[PDB]
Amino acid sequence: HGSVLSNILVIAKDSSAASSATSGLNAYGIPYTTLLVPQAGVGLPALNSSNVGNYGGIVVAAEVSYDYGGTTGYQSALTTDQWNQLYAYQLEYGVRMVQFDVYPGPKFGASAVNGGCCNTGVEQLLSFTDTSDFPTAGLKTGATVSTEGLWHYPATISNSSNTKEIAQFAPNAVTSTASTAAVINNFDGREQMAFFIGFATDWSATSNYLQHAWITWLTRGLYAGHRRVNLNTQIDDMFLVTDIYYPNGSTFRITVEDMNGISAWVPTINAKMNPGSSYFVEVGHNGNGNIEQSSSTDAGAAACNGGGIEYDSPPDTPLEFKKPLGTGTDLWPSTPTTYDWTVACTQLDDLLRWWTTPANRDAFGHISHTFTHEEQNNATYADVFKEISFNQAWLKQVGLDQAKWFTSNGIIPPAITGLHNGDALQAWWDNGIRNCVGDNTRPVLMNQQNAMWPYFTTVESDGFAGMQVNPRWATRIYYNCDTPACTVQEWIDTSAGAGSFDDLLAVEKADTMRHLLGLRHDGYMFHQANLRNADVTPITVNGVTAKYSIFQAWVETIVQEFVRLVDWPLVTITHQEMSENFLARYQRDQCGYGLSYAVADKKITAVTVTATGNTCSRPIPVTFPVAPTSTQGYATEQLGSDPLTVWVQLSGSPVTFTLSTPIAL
C-alpha cells in the first residue's frame, strides 16, 4: 500500500540550470518544485510523510557539482547522506530519477570513451536507438538531431545487466565509431535515466526534442498535464496591395490563380502529417482593399460611391509609443460615417468573388485585420472605431463571418499597432473585440511571468486594461516579399543573413522546431504577398520540385521536419479558439491543481485530481497512458497516437480514476 504525490522535484545549482528542466514541465503543465543547491549546500525537503511520498520524480542537473578546489576537486554540493536519502526514497516509493548534463561515471553504469565532445562548428549527430521505455512519448526512433553547441561525453556501458542504451552518438570527424549518449539504469530496483549531454532549452531545438523522453519516462506517461502542438499560420493584409522589397518599385496583390494553388495544396500538406492532424490557413482581411480594387476603374468607382477610404499616412511613431489619452487627429474622410457600399460594388473584385464562394471561404480561417489598415499608435478613438466597425460590416455583408472557421472577438492589429494607445484599445472593446495578437520580437507584448500565458494590457503601460494579447512568432518570410530572391535579399541586408533560400529555410526549421517541441502554442505571422505561387519560378523543397510560394516552402519545411521527429498530431485552431486556450491555460494555473496516485502491491492502480479547495474555474487536464475504467462524463481528447487526455472539472470534491490495466512499477 501507499500513495505518491505527482510533484516533480527539480534540483539544480541556479535558476539557469533548473530552467532546462522546468521549461519542459511547465510546457506540459506538470506541477514541479525547484530546489536550488548552492556550493555551501542546502537541506532537502520532506521526501515523504508516513505512507505518502511527496514527489513523483526527481530531476538533477549536472549532479549539482562544484569545484571545491584542493584535493577535493569537483564534487556534488549534496552530501553523500543526502544522495542516499534520495536513493532510499526511490526504492520505497517506486520513484524514478532523471539526470542530465552529467559525466559518464560508475554512478551511471558507464565510462567515458575519454574526451570532450566537439568544438565550435563540429557536428555530431544524436539519435534515440530504443524508445521502448517511454512509448507514449511518440519519438521516432533513429531520427538524427544535432548536438552542435551542446557539450557531451561519448560513453561506454560497462555492465549491460544494469544499464541499457537509449541514445547514441553517431560517428563524425573526431570519432570513428558510435558511442552511448543516454542510458537507463536499474540498480537493484532504483531506476534512473542519465543523459551524457548538456541541456539548453532556451536556444537548442535538440534539447526541446530530447526532453520529451525523460519527462514521459519520469512520469510513466501519467501526469497532470497536456501535450498539444498547434500550427496556426496567419496571412495578414488580404485584399491589400503591398510594395515588394527586392525589385524596388514593384507591387503585388494576390490573385485568384494564386489562391487556387493554395487551396489545392492544403489537403496535400494535410496528408503529410501524422494521424489525428488537421491544418488550415487563417486569413486576416482588410475590407477597404476590396473597395479600392473594385473602384480601380472609372465605372467601378461610380459603383462604389467614388471609392474606398483614402487618407495620407503619418510618419510612423517610435515603436512601443504610448499615446496620451484624448489626443490625436482624425484621418478618416468626414463623409462616410457608416459602411455604405453596395454588394454589387464588392463583387467587382475577382478576389472577393473567390473568397465569398462557400467552398473557398469554408476551407480557410477568417479574422479582421481592420478596414483600411490604418496604423493606430497615434490614432484617435474615432478613427479606430471606424477601423473595426467598418470591417465588421464588410465581413457581414460579404458573408465571410459565416465561415466554418471565423473569429468574432479578436483581430490582428494592423502592423501590431495601437497596443499602447488606450483610446484605440477602447475602440476595439466598444465593438466585440476582447483579444488580439502581438509580436514576440517586442518583449513589452509578452507575459513576463510564464511563457505559456498571454499578456494582459494595463492602464499604466498601455492606456487600457483587460485586452488579451496572445503571442505570435515572426519569420524570415518577410511581409513585403513574394519570391525567394526577395526574402533572401532582405534577410541578407537586415540580418546576419547569408546563403540561399534553403539556408534561410534551414535556420527557420531549427527555430520553429524549438517553438513547437517546446509546446509553444503561439501562431506565426505571414502576409498576403507570401502566397504568390501561380506564376513563380519552380523551386525544390526536400527533393520535390513544384511552384511553391515562399509561404508553402516554409510550411513544407516545418511540417516535414516535425513529422520526421515525432508522430504527434498537428492541430490548427482559429484565432478565437487559440485565445481561449491561452486564457484557460492561464486560469487553471492559478488554481494550484495537483495529481496523486495510489500504489497497491508494486502497481499503480488509481489517481486523484485535486486543487485549492478542490475547485477550479477551468477543467484540469490529466494524461493517461492506460485507459481509466470510466471517463466519468468528462471531456476527453485522444487524437492520432496521443495518450488519453481527460479534462477533469473540479467542483468542490476531488475526482478519482481507476486504471483499467494497473501500471506496474
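All residue numbers refer to positions in the sequence shown, first residue = 1.
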Quiz item: Looking at the deposited entry, does 415-423 or 274-282 carry the larger mean Cα B-factor?
Solution: 415-423
Quiz item: According to the deposited model, is the average Cα temperature factor higher in 230-238 or in 117-125?
Solution: 117-125
Quiz item: Say you rank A62, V59, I30, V609 by Cα B-factor from the PDB entry; which sits at the top?
Solution: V609
Exercise. Name the one of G365, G463, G518, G138 with the greatest CA B-factor according to the PDB entry.
Key: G463
Self-check item: Ranked against its chain, the third holding the CA B-factor of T22
Solution: middle
Quiz item: Should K509 be placed in the lowest, middle or highest third of its chain by the C-alpha B factor in the entry?
Solution: lowest
Quiz item: Sorting the chain's CA B-factors, does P625 end up in the lowest, middle or highest third?
Solution: middle
Exercise. Can you work out whether the C-alpha temperature factor of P38 puts it in the lowest, middle or highest third of the chain?
Key: middle
Practice problem: Going by the recorded CA B-factors, say which third of the chain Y153 sits in, lowest, middle or highest. | Solution: lowest
